[PDB]
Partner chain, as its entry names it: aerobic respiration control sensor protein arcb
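One chain is shown next in structure tokens, namely the form solved without its partner chain.
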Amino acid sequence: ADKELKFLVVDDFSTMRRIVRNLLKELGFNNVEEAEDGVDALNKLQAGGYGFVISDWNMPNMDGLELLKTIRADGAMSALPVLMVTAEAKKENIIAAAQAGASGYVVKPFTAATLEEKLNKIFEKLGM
């Protein structure tokens, strides 16, 4: 995958955002931007040129499941990879994420190795 792929990391906790950014840096991806909730993510995504979205689930104003559904119904970015980050594997949430078109989901806290496997699986599936 293009190492300069532009990432949008979304989470309402700045600490979680910094963690994800460093993990991506550990994997060789440095073109990363941040957002604090779904609304703020839709606003930044407007600037264009994003290649991957890693999004938290629980956030105020607009949560991750709604951000996902919005990215997927938007013709200009409908195919954008979206990895869902959740605090617990729970049937209702996994199904919801899959059925709404999530590229994958990962349970926090996660390691750099788990993130790499998740990213690689998505890259393979999408032909990146």
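Residue numbers count along the first chain shown, from 1.
Separately, the form deposited with its partner chain bound exists; it is not shown, and the next lines address it.
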Exercise. Closest heavy atom of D12 to its partner chain in the deposited bound form, within 4.5 Å or not?
Worked result: yes
For this session: Classify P60 as contacting or not contacting its partner chain in the deposited bound form by the rule of any non-hydrogen atom within 4.5 angstroms, answering yes or no.
Result: yes
For this session: Just give me the residues of 13-36, first to last, that have a heavy atom within 4.5 Å of its partner chain in the deposited bound form.
Result: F13, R18, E36
